[PDB]
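Q: What follows is the file work-v3.cif, containing mmCIF, C-alpha atoms and all ligand atoms; chains and numbers go by the auth columns:
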data_run
#
loop_
_atom_site.group_PDB
_atom_site.id
_atom_site.type_symbol
_atom_site.label_atom_id
_atom_site.label_comp_id
_atom_site.label_asym_id
_atom_site.label_seq_id
_atom_site.Cartn_x
_atom_site.Cartn_y
_atom_site.Cartn_z
_atom_site.B_iso_or_equiv
_atom_site.auth_seq_id
_atom_site.auth_asym_id
ATOM 1 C CA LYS A 1 75.333 132.128 102.545 0.00 1 F
ATOM 2 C CA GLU A 2 78.913 131.309 101.378 0.00 2 F
ATOM 3 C CA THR A 3 80.445 134.789 100.556 0.00 3 F
ATOM 4 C CA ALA A 4 81.389 135.442 96.857 0.00 4 F
ATOM 5 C CA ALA A 5 85.051 135.920 98.052 0.00 5 F
ATOM 6 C CA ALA A 6 84.936 132.478 99.788 0.00 6 F
ATOM 7 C CA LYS A 7 83.249 130.799 96.757 0.00 7 F
ATOM 8 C CA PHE A 8 86.133 132.070 94.524 0.00 8 F
ATOM 9 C CA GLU A 9 88.703 130.614 97.019 0.00 9 F
ATOM 10 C CA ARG A 10 86.896 127.210 97.085 0.00 10 F
ATOM 11 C CA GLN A 11 86.459 126.991 93.272 0.00 11 F
ATOM 12 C CA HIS A 12 89.776 128.511 92.109 0.00 12 F
ATOM 13 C CA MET A 13 92.568 128.676 94.749 0.00 13 F
ATOM 14 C CA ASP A 14 95.080 125.848 95.426 0.00 14 F
ATOM 15 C CA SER A 15 98.231 127.491 96.879 0.00 15 F
ATOM 16 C CA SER A 16 99.353 124.194 98.626 0.00 16 F
ATOM 17 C CA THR A 17 100.866 122.695 95.363 0.00 17 F
ATOM 18 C CA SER A 18 103.313 124.454 92.917 0.00 18 F
ATOM 19 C CA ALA A 19 101.636 122.730 89.871 0.00 19 F
ATOM 20 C CA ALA A 20 99.122 119.979 88.838 0.00 20 F
ATOM 21 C CA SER A 21 100.065 117.580 91.694 0.00 21 F
ATOM 22 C CA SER A 22 99.557 114.518 89.368 0.00 22 F
ATOM 23 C CA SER A 23 97.432 112.966 86.576 0.00 23 F
ATOM 24 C CA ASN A 24 94.777 112.329 89.356 0.00 24 F
ATOM 25 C CA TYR A 25 94.649 116.022 90.574 0.00 25 F
ATOM 26 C CA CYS A 26 91.517 117.290 88.740 0.00 26 F
ATOM 27 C CA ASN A 27 89.557 114.099 89.482 0.00 27 F
ATOM 28 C CA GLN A 28 90.347 114.604 93.233 0.00 28 F
ATOM 29 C CA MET A 29 90.001 118.419 93.348 0.00 29 F
ATOM 30 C CA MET A 30 86.824 118.797 91.245 0.00 30 F
ATOM 31 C CA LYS A 31 85.168 116.394 93.752 0.00 31 F
ATOM 32 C CA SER A 32 86.752 117.666 97.043 0.00 32 F
ATOM 33 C CA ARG A 33 85.946 121.332 96.155 0.00 33 F
ATOM 34 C CA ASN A 34 82.269 120.358 95.482 0.00 34 F
ATOM 35 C CA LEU A 35 82.198 121.191 91.725 0.00 35 F
ATOM 36 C CA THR A 36 80.637 117.734 90.924 0.00 36 F
ATOM 37 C CA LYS A 37 77.726 117.804 93.456 0.00 37 F
ATOM 38 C CA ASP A 38 74.744 118.788 91.176 0.00 38 F
ATOM 39 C CA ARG A 39 76.421 118.025 87.763 0.00 39 F
ATOM 40 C CA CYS A 40 79.984 117.531 86.375 0.00 40 F
ATOM 41 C CA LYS A 41 81.249 121.155 86.037 0.00 41 F
ATOM 42 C CA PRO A 42 82.734 120.914 82.484 0.00 42 F
ATOM 43 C CA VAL A 43 85.818 123.250 82.842 0.00 43 F
ATOM 44 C CA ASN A 44 87.451 124.867 85.912 0.00 44 F
ATOM 45 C CA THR A 45 90.849 126.473 86.678 0.00 45 F
ATOM 46 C CA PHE A 46 92.890 126.280 89.917 0.00 46 F
ATOM 47 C CA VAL A 47 95.634 128.829 90.678 0.00 47 F
ATOM 48 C CA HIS A 48 98.878 127.773 92.477 0.00 48 F
ATOM 49 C CA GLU A 49 99.869 131.150 93.848 0.00 49 F
ATOM 50 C CA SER A 50 99.451 132.722 97.308 0.00 50 F
ATOM 51 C CA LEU A 51 96.043 134.246 98.149 0.00 51 F
ATOM 52 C CA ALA A 52 97.800 137.660 98.530 0.00 52 F
ATOM 53 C CA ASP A 53 99.239 137.418 95.002 0.00 53 F
ATOM 54 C CA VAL A 54 95.817 136.503 93.442 0.00 54 F
ATOM 55 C CA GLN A 55 93.997 139.208 95.493 0.00 55 F
ATOM 56 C CA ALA A 56 96.616 141.739 94.208 0.00 56 F
ATOM 57 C CA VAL A 57 95.411 141.166 90.584 0.00 57 F
ATOM 58 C CA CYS A 58 92.363 143.373 91.454 0.00 58 F
ATOM 59 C CA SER A 59 94.778 146.436 91.263 0.00 59 F
ATOM 60 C CA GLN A 60 96.650 145.274 88.059 0.00 60 F
ATOM 61 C CA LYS A 61 95.724 145.544 84.336 0.00 61 F
ATOM 62 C CA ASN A 62 92.020 146.523 83.881 0.00 62 F
ATOM 63 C CA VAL A 63 90.476 144.636 80.921 0.00 63 F
ATOM 64 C CA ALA A 64 86.951 144.027 79.556 0.00 64 F
ATOM 65 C CA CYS A 65 85.231 140.933 81.005 0.00 65 F
ATOM 66 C CA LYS A 66 83.804 138.311 78.616 0.00 66 F
ATOM 67 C CA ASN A 67 80.283 139.428 79.678 0.00 67 F
ATOM 68 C CA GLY A 68 81.064 143.073 78.745 0.00 68 F
ATOM 69 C CA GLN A 69 81.373 144.395 82.321 0.00 69 F
ATOM 70 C CA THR A 70 84.470 146.535 83.119 0.00 70 F
ATOM 71 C CA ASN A 71 85.550 144.961 86.471 0.00 71 F
ATOM 72 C CA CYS A 72 88.098 142.428 85.165 0.00 72 F
ATOM 73 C CA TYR A 73 91.853 142.503 85.771 0.00 73 F
ATOM 74 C CA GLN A 74 94.790 140.704 84.107 0.00 74 F
ATOM 75 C CA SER A 75 97.881 139.626 86.135 0.00 75 F
ATOM 76 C CA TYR A 76 101.104 141.432 85.093 0.00 76 F
ATOM 77 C CA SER A 77 103.078 138.221 85.802 0.00 77 F
ATOM 78 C CA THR A 78 102.400 134.659 84.646 0.00 78 F
ATOM 79 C CA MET A 79 100.945 132.330 87.262 0.00 79 F
ATOM 80 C CA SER A 80 101.058 128.571 87.779 0.00 80 F
ATOM 81 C CA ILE A 81 97.571 127.172 86.997 0.00 81 F
ATOM 82 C CA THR A 82 95.831 123.821 86.407 0.00 82 F
ATOM 83 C CA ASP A 83 93.018 123.581 83.792 0.00 83 F
ATOM 84 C CA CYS A 84 90.481 120.775 84.483 0.00 84 F
ATOM 85 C CA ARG A 85 88.508 119.552 81.454 0.00 85 F
ATOM 86 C CA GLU A 86 85.695 116.933 81.529 0.00 86 F
ATOM 87 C CA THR A 87 86.608 113.831 79.370 0.00 87 F
ATOM 88 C CA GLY A 88 83.988 112.972 76.650 0.00 88 F
ATOM 89 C CA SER A 89 83.306 109.609 78.480 0.00 89 F
ATOM 90 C CA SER A 90 82.803 111.283 81.951 0.00 90 F
ATOM 91 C CA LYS A 91 79.243 110.397 83.178 0.00 91 F
ATOM 92 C CA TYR A 92 77.729 111.993 86.345 0.00 92 F
ATOM 93 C CA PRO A 93 78.053 111.142 89.172 0.00 93 F
ATOM 94 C CA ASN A 94 81.488 109.631 88.195 0.00 94 F
ATOM 95 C CA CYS A 95 82.970 112.958 86.877 0.00 95 F
ATOM 96 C CA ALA A 96 86.364 112.398 85.117 0.00 96 F
ATOM 97 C CA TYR A 97 88.814 115.153 84.049 0.00 97 F
ATOM 98 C CA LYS A 98 92.086 115.640 82.184 0.00 98 F
ATOM 99 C CA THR A 99 94.674 117.566 84.353 0.00 99 F
ATOM 100 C CA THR A 100 96.815 120.105 82.405 0.00 100 F
ATOM 101 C CA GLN A 101 99.449 122.427 83.922 0.00 101 F
ATOM 102 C CA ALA A 102 100.218 125.878 82.406 0.00 102 F
ATOM 103 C CA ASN A 103 101.965 129.178 83.259 0.00 103 F
ATOM 104 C CA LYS A 104 99.649 131.970 82.016 0.00 104 F
ATOM 105 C CA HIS A 105 98.357 135.442 82.925 0.00 105 F
ATOM 106 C CA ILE A 106 95.019 135.139 84.722 0.00 106 F
ATOM 107 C CA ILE A 107 91.941 137.387 84.311 0.00 107 F
ATOM 108 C CA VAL A 108 89.597 137.759 87.337 0.00 108 F
ATOM 109 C CA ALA A 109 86.478 139.836 88.064 0.00 109 F
ATOM 110 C CA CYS A 110 86.660 141.815 91.346 0.00 110 F
ATOM 111 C CA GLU A 111 83.803 143.231 93.547 0.00 111 F
ATOM 112 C CA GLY A 112 83.222 144.622 97.086 0.00 112 F
ATOM 113 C CA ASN A 113 84.991 146.424 99.928 0.00 113 F
ATOM 114 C CA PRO A 114 87.510 144.951 100.285 0.00 114 F
ATOM 115 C CA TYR A 115 87.893 144.758 96.467 0.00 115 F
ATOM 116 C CA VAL A 116 88.659 141.042 95.903 0.00 116 F
ATOM 117 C CA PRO A 117 88.303 138.356 93.245 0.00 117 F
ATOM 118 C CA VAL A 118 84.782 136.860 92.846 0.00 118 F
ATOM 119 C CA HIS A 119 85.006 135.219 89.306 0.00 119 F
ATOM 120 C CA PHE A 120 87.690 133.512 87.124 0.00 120 F
ATOM 121 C CA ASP A 121 87.189 134.896 83.584 0.00 121 F
ATOM 122 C CA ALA A 122 90.135 133.565 81.484 0.00 122 F
ATOM 123 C CA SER A 123 93.788 132.736 81.209 0.00 123 F
ATOM 124 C CA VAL A 124 95.906 134.133 78.339 0.00 124 F
HETATM 125 RH RH RH B . 81.299 133.631 87.948 0.00 201 A
HETATM 126 RH RH RH B . 79.521 132.729 89.045 0.00 202 A
#
Show the structure stored in the file as structure tokens.
A:
Amino acid sequence: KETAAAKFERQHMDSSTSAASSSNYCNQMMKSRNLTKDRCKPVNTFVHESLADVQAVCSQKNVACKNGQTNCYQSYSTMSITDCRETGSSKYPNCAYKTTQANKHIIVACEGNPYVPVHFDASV
């Protein structure tokens, strides 16, 4: 019974580094955040902004979600993010990733009271 809010924080928040710590980052973080337990999760994004600044996106630019729901929101400012991408030679349980740093607008899906991020949809 992890809450949806807490699952988003575990899968997508890393405020403790300004940018993709190092070439090792995604290998470490995909494992430590438990995204390689049942299979290698093929792609995942981490956001290097404060929790308050990511939560605030739920009152910013309303945009269509990829799944056609209406509860997605685009950040008005660019954010520091790390994209993690499974290498073609990565074989479970030894999940290997390329670490790439970018500064992009994020899109998140928000639900509940309080209204908070529960899903990372895209960066643009
Ligand atoms: Rh999701
Ligand atoms: Rh999900």
Q: Could you please extract the residues within 8 Å of ligand RH 201 (chain A), counting all atoms listed in the file, and hand them back as number ranges by chain?
A: F: 118-121
Q: Identify, counting only C-alpha atoms and all ligand atoms, the protein, DNA and RNA residues located within 12 Å of ligand RH 202 (chain A), and give them as a PyMOL selection string.
A: chain F and resi 3-5+7-8+11-12+44+67+108-110+117-121
Q: How far is it from atom CA of residue 93 of chain F to atom CA of residue 18 of chain F, in Å with one decimal?
A: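 Those two atoms sit 28.8 Å apart.
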Q: How would you write, as an mmCIF file with C-alpha atoms, in the coordinates of the input, the residues chosen by the PyMOL selection byres (((chain F and resi 76) around 7) and not hetatm) on this structure?
A:
data_model
loop_
_atom_site.group_PDB
_atom_site.id
_atom_site.type_symbol
_atom_site.label_atom_id
_atom_site.label_comp_id
_atom_site.auth_asym_id
_atom_site.auth_seq_id
_atom_site.Cartn_x
_atom_site.Cartn_y
_atom_site.Cartn_z
ATOM 1 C CA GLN F 60 96.650 145.274 88.059
ATOM 2 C CA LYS F 61 95.724 145.544 84.336
ATOM 3 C CA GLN F 74 94.790 140.704 84.107
ATOM 4 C CA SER F 75 97.881 139.626 86.135
ATOM 5 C CA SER F 77 103.078 138.221 85.802
ATOM 6 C CA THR F 78 102.400 134.659 84.646
ATOM 7 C CA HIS F 105 98.357 135.442 82.925
#
Q: May I ask which of the residues F:26, F:55, F:16, F:42 is the closest one to residue 98 of chain F, counting all atoms listed in the file?
A: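 Distance minimum relative to residue 98 of chain F lands on F:26.
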Q: Measuring atom to atom with only C-alpha atoms, identify which of F:35, F:30, F:84, F:54 is nearest to residue 13 of chain F.
A: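 Nearest to residue 13 of chain F: F:54.
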Q: Which residue gives the smallest distance to residue 40 of chain F among F:15, F:94, F:62, F:82, with only C-alpha atoms counted?
A: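 For residue 40 of chain F, the nearest of the candidates is F:94.
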Q: My list of candidates is F:95, F:86, F:29, F:106. Which is closest to residue 73 of chain F when distances are computed with all atoms listed in the file?
A: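 Between F:95, F:86, F:29, F:106, the residue approaching residue 73 of chain F most closely is F:106.
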Q: Nearest to residue 64 of chain F among F:123, F:107, F:50, F:89, with distances taken over only C-alpha atoms: which residue is it?
A: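 Using only C-alpha atoms, the shortest distance to residue 64 of chain F belongs to F:107.
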Q: Of the candidates F:10, F:85, F:91, F:104, which shows the shortest atom-to-atom distance to residue 25 of chain F, using only C-alpha atoms?
A: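 The answer is F:85, which sits nearest to residue 25 of chain F.
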Q: Counting only C-alpha atoms, write as a list in words all protein and nucleic acid residues lying at most 8 Å from (96.2, 124.2, 83.9) in the file's frame.
A: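 Counting only C-alpha atoms, I find these residues within 8 Å of (96.2, 124.2, 83.9): residues 20, 45, 46, 80, 81, 82, 83, 84, 99, 100, 101, 102 and 103 of chain F.
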Q: Would you put the residues from that selection into a file with C-alpha atoms, as a compact mmCIF listing (two decimals), keeping the file's coordinate frame?
A:
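again_29.txt, written as the output of this step:
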# COMPACT_ATOMS: atom_id res chain seq x y z
CA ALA F 20 99.12 119.98 88.84
CA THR F 45 90.85 126.47 86.68
CA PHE F 46 92.89 126.28 89.92
CA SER F 80 101.06 128.57 87.78
CA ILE F 81 97.57 127.17 87.00
CA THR F 82 95.83 123.82 86.41
CA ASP F 83 93.02 123.58 83.79
CA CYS F 84 90.48 120.78 84.48
CA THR F 99 94.67 117.57 84.35
CA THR F 100 96.82 120.10 82.40
CA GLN F 101 99.45 122.43 83.92
CA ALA F 102 100.22 125.88 82.41
CA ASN F 103 101.96 129.18 83.26
Q: Mind pulling up the distance from atom CA of residue 71 of chain F to atom CA of residue 112 of chain F?
A: 10.9 Å
Q: Report the distance between atom CA of residue 36 of chain F and atom CA of residue 52 of chain F in Å, rounded to one decimal place.
A: 27.4 Å
Q: Using all atoms listed in the file, determine which residues lie at most 6 Å from residue 96 of chain F, disregarding the query and same-chain residues fewer than 2 positions distant; provide the list as an MDAnalysis selection string.
A: chainID F and resid 27 86:87 90
